[PDB]
Every structure is written in C-alpha cells, then in structure tokens.
Amino acid sequence: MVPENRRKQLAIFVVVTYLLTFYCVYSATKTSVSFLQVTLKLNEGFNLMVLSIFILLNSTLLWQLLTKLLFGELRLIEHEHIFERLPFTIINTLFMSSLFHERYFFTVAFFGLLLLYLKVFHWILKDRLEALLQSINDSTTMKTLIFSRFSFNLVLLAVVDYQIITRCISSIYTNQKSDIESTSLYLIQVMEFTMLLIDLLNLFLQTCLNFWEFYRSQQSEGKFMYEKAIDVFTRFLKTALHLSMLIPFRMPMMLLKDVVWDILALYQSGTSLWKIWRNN
Amino acid sequence: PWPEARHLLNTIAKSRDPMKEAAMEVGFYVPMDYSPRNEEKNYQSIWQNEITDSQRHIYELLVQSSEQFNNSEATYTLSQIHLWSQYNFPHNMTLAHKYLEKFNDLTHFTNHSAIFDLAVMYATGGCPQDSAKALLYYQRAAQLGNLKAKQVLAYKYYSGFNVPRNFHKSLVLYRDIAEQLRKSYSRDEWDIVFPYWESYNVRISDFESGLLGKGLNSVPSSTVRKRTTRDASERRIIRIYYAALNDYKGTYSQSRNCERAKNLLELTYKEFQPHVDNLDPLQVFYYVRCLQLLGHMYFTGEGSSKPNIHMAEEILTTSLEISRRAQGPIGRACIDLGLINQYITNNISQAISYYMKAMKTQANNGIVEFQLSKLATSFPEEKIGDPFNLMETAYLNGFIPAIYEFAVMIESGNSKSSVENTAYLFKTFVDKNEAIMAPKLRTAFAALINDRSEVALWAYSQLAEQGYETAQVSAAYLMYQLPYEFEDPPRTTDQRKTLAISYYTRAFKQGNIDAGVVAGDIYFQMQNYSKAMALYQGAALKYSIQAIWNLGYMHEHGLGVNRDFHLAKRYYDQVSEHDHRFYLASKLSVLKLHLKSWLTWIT
C-alpha cells in the first residue's frame, strides 16, 4: 500500500505542487489587466499542464480518503487484485480518450476518471464480499444489520450509478443537436455504467442466493448449477443490451471489440448449457 | 545683440532625429502618472547641472534681447526652443504660453503658425479651455490661408464635435484642400511615379502589448513594417536580399539608406551574372527578385543622381527572360516595363499588353488601373474596359491620386453622388496624403525615443485635432493607460483625465473600438456609473468580448441597474458563446453567481 518513504515522497510532491500552482497563479495575475485576460493566460499550455496536475493530485487524494472512509482498510489480496487489473482498464480509458480529439478533451477525462473510481469500487466490493463469505460466522445469523451494512454499500453504488445514468440519458434525449459525437460519448458512458450495473445485479443475485442458502440451512440440488445459470443469464442481458444499444448508433470499432468477447462468453455459455443438459 | 546670437545659435544643431543617424552604422519608456511638482523640480535640476555655460551665456543674452527690445524675432525662436525642446533645452508649457502671448501682441494677428499653436493651447487647456476663443482663432488662421487650420475646421464640422453637424461646409473645405494639394505636385511625380515618403501613421502602444490586453482586442494591430525577415551559398542569397530590402524600406527605429543598397545590388549582380545557371533549386527566385528591385531603383533614380533608363530597360528584359524559365513572379518587372515604354518611348501597344499581363498580379497596388483609365480616356476606341470601373478598382485598392481622380469623376456625374460620400472621399484623401499635412509624426517619434516625453504629448495632441485617429489614441494612451489589477490607479490631475476621456471618445466614434472600452473603464474609475452603460453598450453592439463581460459584471452588482441576475447570466452565456477560448471564464463567473445565490438562499 503506502510505505513510509513513499509517504514522504507524497508529502514532497503535494507541497511542491501547491507551491508551483500558487506561484503560477500569482505570476499570471500580477501581469494582467482583467480577469478574462488572466483566464486566457492560465489556459496557456504550461500553466494548463500544471493546473491539470494539481486537479489530478487533489482528486486522487479525495478519492483515496473516500476509499478509506467506505471500505475502511484494504487487505493485501485486494491491493494485489487492483495493482494487477488496473493497467488493462487504464489503457482502455486511454483508448476511449484518444478516440476523441482536442475538441473533446476535458469532460472525457472527467467522466473517465469517475468511471475508473467506480470500477475500482466495484472490484473492492466484490473481493470484500468474497472475504465476508470466507470469514463468515454462524454464531449469529445473517442479521438484517450486517446484511444491511453490506447491502447499504451495494445500494449506495447502485443509486449513484442510477442517478448518473438517468441524468445522462435525459441529457441525451433533450440534446438532439448537431454534435452527435457528444451524444455518442454520453452513450459510451452509459454503456460502461450499465456494464457496472449488470455487475451489481449479478453480485446481488449471488448474495441473495447465498443468503437464501444460509436461511434454508439454518431453518431446515447443487448450488453451482443455479450459480452458472444466473451467470449465463446476466451474460445474455449484457449481450442483448450491447447489441440493442450499439447497433442503433452503428459504431464500427466499439461494436466488434465488445461482441468478440461477447461471443467468446457465448461459447462458454454453450458449454455450460451442455453441462446443464447433462444434469437435466 | 541678435546678430551674434544668431551667429552662435548656428552652431548647436537643434535636434538629432535618431531614426536617421541609426542608418549610418530598441525600446523606450512612457510615464504612468503626472505631477507638476516633479516636473518643476526636474526642471530646476536640469537648469542647475545639465546646461553648459556657453548655453547659459547665449540663453541669457537671448532673454535680454527679448525683454529689453521688442525684437519680435528672438521672441519666436525662444518660443520654439522652449516648446519643441531644441538646442538641448527642456520643455516648459507656461513660458511658451507667455511668449506666444507677447508675440501675438506684437504681430497683431499676422503670423499664422503662432495663431494656430495658440488656438491649440486654448482648446486643450494645457497651459482652462474655452471653445469660443479656439474657434475664433481657427477662423482667423483660415483667413490667412493656413492648411491645417482649414483641415481641423473641416474635421470639426464633419464629425459634429463641439458644434452642430454640417456636411456642406466640410465638403467645401475638403475640396479646397484637395485642390491646393494637387497644385502642390509636379506633373512627373503625379503621373510617372509617386514619391515614396515613409509612413509613421502608426498608433503607439502596439510595439508593446496593446490596448486592454493581449489577444483580446478586436481591431487588428497596426504595425505594417518592422524589420522584415523569414547554408553557406544558400543562406547567402537570403541574407543579401533581406539586407537590401530592409535597407530600402525604412523601419521605425531605422530610416532608409539608398546608396548602400545600390552599391550592394550592383556588386552582387555583376559578380553573379556569369554562372547563374547552377542556382536552379531556389536561389534563382531571390536572384531575380534582387534584379527586379535593382531595376526599379534604377528606374526611379533614388540613391543616385538621375535615373538610367537604358540600363534599367536592359536589366529588366534580362530579368524577364530569366524569369520565363522557372516562371517566377513577374509583377514589378512588367509593371515598370509598361511604365517606361508608355512615357519614355511612345510604343503603347506593348504597354497595354504588359498591363493586361500584370493586372491580376499581387504586387500591383493601384498604378495599372490608373494608367489604363487615363489611356482609355485619351483613346477610347481601344475598347479597354470602362474608365469609371477602373477608377473604382483603383480607389478600392488604395492608390493615392486615384482617390482624387475618382472623387472628381463621382462629383462631376448622377452615379449616386450623395454629399456624404464625396465628403468621406475627400476626407480620406486629405488624411492619407500625409506628406504635407502631418509631417510632425516623424518629429514626434524622434522626441519620443530620446526620452523627451512631454513634447511628444504636445505633438500628438496637436495632430489629434486634425482627425488622425491614430494620433488621438496615441495621445490618450500617453495621458492615461490602463493599470494592472490589484495596483493603485494613476495619480494625475482631473483635467488630464477629463481630456483623455474626450480624446478616447472621439477615437471610438471615428471607427475604433478599444477606445470605447477604455473610456467606459475610466468613467468606472471616476465612479460615474451612469454614462458607462452607454459606452459599454456601444462597444457590445460591435461584438467586443471584454465589453460584454464587463457589462455583465456591472449588472450583477447593485450599481446602476438593481441586481437583475437573470440578464447577468444571459450576458455570461452571450460571452461564452460569441467566442471559444473564453468558456472557462464565463462558466466560473456563472458558478460564482450561483454560489452567491445559494448563500442568499440560506438567508
């Protein structure tokens, strides 16, 4: 996580960043006439890069503190999962950001950083669920209080993503303007967000399945069958929504990139379906 | 005592305009505020230490001659010393006034230059100002037949400033002035080639950042010429050509030198002629360009005693032949060819051919259309366009005598001859001839770049009355510039500012934009808040961004209008829309607005 010398380097970095940004702001200020001129001066390349650095650093710090607040402290397994799975999605965000040129620069990185925080949250939530399953204790039942804590985390994520996706689809429906590229960007955000939502639904059904199993074992077929059934069901939901959304737009690149893995998952689903036929 | 006074004064060389001495072998400072105490004390110190004792002696005997006897001729020269700061003496504005008063008593309204200067000082209130005496003196100076006086009267009657508006008198005066100016030219200079007088019509404060900021001012910067530019053999031709050019077209810091460029061109041509064949890739381009330049310089005669027509024609035909291969630009070459064989020789058909071959070129400004119109007038059976159309083209392009001829044609015929158009034409011509009306721009720059700042203010102030918007903006800027934010405003008197405001206002109404913004900001600083809206609206109507944002700002605070946040956000949308780079600022402003809104929602 954070070694002490890395924390020292972090302190150095943050303080020199604040120093740089304050100095550049003051310099651009005292050599200007009006607010608008100093804005046009800050928009210049070098100071622009410095301010972007400042925003990025402060945003990452805010996100790290929010992580500390929600998930408490992270385990080594979670941190390893993160350090391993980050670069793939990071390069994917690089792809979708470089998909759009200087015209679409700021909001793209904005929403990309947001969704990045969201997927990280999703992965941590999944691994915390797996931990809760391993560390489960039958001394008490799956009380409405511990289950309420965990499902409260879940519903926080669900509601925030739902509000964002609804705001975005409302903006899409309202703005049938000439910048169809911005609407396509919005729909890409919708696609990523609903992929995350389907991840929520799958994990939620897995949690309710395990809780109902707990309920039956305490009060009173192989669960793997129903687990695989729900997994392939959610994969069907994904593929259906991916087609129904990307076909309308008629995208040449995102379409194939998604559907190749969709049909590989469909091959695996056909294998599991044959297994079901075997147990049918 | 005056004879020996003159014999001594003949040995001081009143002033050196460095723009010329810099031709044998930067920047400057403008002040920010003004205080009569500092000026008087600087004057005391200069009189104490700087003046040489010979100057003490000559100046004191001059004072004696001017006081004891009403010499009426030491008076004037002492006036000119104290006013234009010549012979290394400093500027005083009150002593000049007193001495001009005495001079005007002596001459009983008979010397017109003194009357003009007195009228200027009575209208500027430099020394209070009163328009009545100023206008009376302008009339009296028009009586004697002084040109600048008639011009400033015309500009006054044509702009509606300080008197009701009238077009008839202005048109009459402008026609008279154009008549006199045409009479001032000879037949050769007017027909063959126009004398090339360096232009210093630029406004100040464009060598520096600019007015109201950088990259924010709508009107494009006006600095036409300043040190034009863009490996052993190659760079040699580029360097030599750029040396020649920058030595022909004089710069602002350094004026022109001709004989140097002539000798250089002659040498390089004579040494490069034998083996031109091997310069095929690009050197031929600049080589033939140099040939064209040297040929034009031979043809005009500048830098030499007299023109050499035959040598010029030969070199021009050779350069044309060389340009035929690689098909380089042929503008000036064919232009000058058509010029020569039309007047020097009488072979006209080839001249018509050359003109028609050079018409569509870029290097021509207005000469071709002028020659064609005149020739078609002399021989109409050639069926070569329509002279009226030729004159329209020429005038639209910017050739000086074309303006006069086009005005004559458009007044002589209907052709939609609204008096406004004729007045505008004649005014543009008078303003643009610039070689007899306003020569003092050069003197003004000379005084500026040797740190004598006040006299530059005087000169530009005198010019601004004549209507040269550039002089107006320069004078106003020298009297008040916009201060950097979070810093004290200037410390000058009220009269200074109430004159600068009028100068900026007229500069705006003439067609310039930024002056309106600075005038609004001045009224803002003086805390009027009433007339500011007027000027800011007049600037907004012409799509000026800073004006829009400032109007929004003044709406949102309680001044004038009372806190109509709706129109405030509307104007912020306006400014965010009308341009691109300023998105962030408009958005952050609306954000501050909404923040104030929520903090008021709390209470």
# chains A, B, ... in the order shown; residues from 1 in each chain; ligands from 1

$ interface_residues --of "chain A" --to "chain B" --cutoff "8 Å" --atoms "only C-alpha atoms" --output "list in words"
residues 29, 30, 31, 32, 33, 34, 35, 36, 37, 39 and 40 of chain A

$ select_by_dssp --residues "stretch 108-230 of chain B" --states "helix (DSSP H, G or I)" --output "PyMOL selection string"
chain B and resi 112-124+131-144+147-159+168-184+187-191

$ closest_residue --among "B:16, B:37, B:506, B:325" --to "residue B:155" --atoms "only C-alpha atoms"
B:506

$ atom_distance --atom1 "atom CA of residue A:189" --atom2 "atom CA of residue A:54"
24.8 Å

$ residues_around --residues "stretch 400-410 of chain B" --least-positions-apart "5" --cutoff "9 Å" --atoms "only C-alpha atoms" --output "PyMOL selection string"
chain B and resi 178+182+190-191+194+366-367+369-370+388+391-392+394-395+415-417+422+425-426+428-429+432-433

$ residues_around --residues "residue A:234" --least-positions-apart "6" --cutoff "9 Å" --atoms "only C-alpha atoms" --output "PDB file with C-alpha atoms, in the first residue's frame"
ATOM      1  CA  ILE A 198     -25.132  -5.570 -14.538  1.00  0.00           C
ATOM      2  CA  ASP A 199     -22.117  -6.450 -12.407  1.00  0.00           C
ATOM      3  CA  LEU A 201     -27.151  -7.174 -10.374  1.00  0.00           C
ATOM      4  CA  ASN A 202     -25.115 -10.362 -10.804  1.00  0.00           C
TER       5      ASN A 202
END
